[PDB]
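To start, the structure under review is shown below, and the notes come after it.
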Amino acid sequence: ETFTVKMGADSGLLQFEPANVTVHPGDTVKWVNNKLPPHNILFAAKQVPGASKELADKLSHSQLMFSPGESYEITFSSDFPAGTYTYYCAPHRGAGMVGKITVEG
Ligand SMILES: [Cu+2]
């Protein structure tokens with residue numbers, strides 16, 4: 001299954017929509033620019049399983065995404081452990097543009 005997460009609400013609010021997604025192994029999450037880019041996707045290394053910098057860095061798209069509808073996707077293969085993964089947008093972290101992926105299993 002593929003879960004689409006909009007970056008930016010239709011109104012311009014700096015939010016991921018939906019902010020919380022639950023996935024199963026093999027599922028994909030696809031972030032897509034919606035309103036008021038640029039956005040990016042940074043996983044907090046203290047807020048992924050094992051507090052792994054490697055894992056957080058692997059999942060992140062640190063490069064700013066400027067283009068309308070620009071997309072980034074992660075397929076959660078077996079090298080992604082069960083647990084919750086919290087991420088944020090660096091441009092809008094202060095404003096609370098934060099999200100969470102829960103990997104079940
Ligand atoms: Cu943002």
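Residue numbering: from 1, along the chain as shown.
Looks like X-ray crystallography, 1.5 Å, at least that's what the header says.
Cβ coordinates are placed from backbone N, Cα and C, and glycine is handled just like the others.
Pulled from Swiss-Prot, these are the features on record:
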type: BINDING; residues: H39, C89, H92, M97; note: Cu cation binding site
So which other residues, same chain and not among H39, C89, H92, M97, have a Cβ within 8 Å of the centroid of the Cβ atoms at the Cu cation site?
-> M7, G8, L14, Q15, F16, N40, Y88, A90, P91, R93, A95
Excluding its own, the Cβ atoms lying within 10 Å of the Cβ of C89 (Cu cation binding site) add up to 24
Helix, strand or coil at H92 (Cu cation binding site) [DSSP, three-state] = helix
Which number gives the other C-beta atoms within 10 angstroms of the C-beta of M97 (Cu cation binding site), all protein chains shown included?
-> 22
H39 (Cu cation binding site) falls, by three-state DSSP, under strand
Determine the Cβ neighbour count for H92 (Cu cation binding site): the number of other Cβ atoms within 10 Å of its Cβ.
-> 20
